[PDB]
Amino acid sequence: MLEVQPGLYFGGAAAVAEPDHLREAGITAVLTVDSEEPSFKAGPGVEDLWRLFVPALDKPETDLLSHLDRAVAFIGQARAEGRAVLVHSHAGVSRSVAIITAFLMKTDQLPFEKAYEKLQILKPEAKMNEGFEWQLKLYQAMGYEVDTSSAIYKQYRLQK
């Protein structure tokens, strides 16, 4: 695991491996970006845990742009309701980061590279593939928002 802001963390397998390790941090909401949606062990607090699953792989033609709005609102509402959010994936380097960045970006209208920086800082390991990169870049343009009934969107999706 690893923090990004007060009540913002991100990582991989060993992060959401054992949920008990979570109650340590004070996390009661978990956003997941992985090949398959996860299972958690019976444990205490696991049932009052928020969960949002973004279906994605680390491949460059994985549609993340269509989840950026929802993933950001989740982390947003999560915080507005109290809890520590954990954005994770098999290795919290691309998928995870990708969205972490996206949040940082929208929240304070930040230029892709500006927000992606603070992440490069915190984690040098940060290697977000090019697809998520231009998808995020594209987000800047759209106004850090995604108008599904927009020609840019409809085309983007058309291809992908």
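Just count from 1 along the sequence shown to find any residue number.
In this entry, 118-126 shows the higher mean Cα temperature factor of the pair 53-61 and 118-126. Of the candidates 29, 93, 68, 46, it is 93 whose Cα B-factor is highest according to the PDB record. Among the modelled residues of its chain, residue 15 has a C-alpha B-factor that falls in the highest third according to the deposited record. Sort the chain's modelled residues by C-alpha temperature factor and residue 42 lands in the middle third, per the entry.
Annotation for residue 35: CA B-factor lies in the middle third of the chain's modelled residues. Ranked within its chain, residue 88 lands in the lowest third, by CA B factor from the PDB record. In this PDB entry, the Cα temperature factor of residue 109 sits in the top third of its chain's modelled residues, the highest group.
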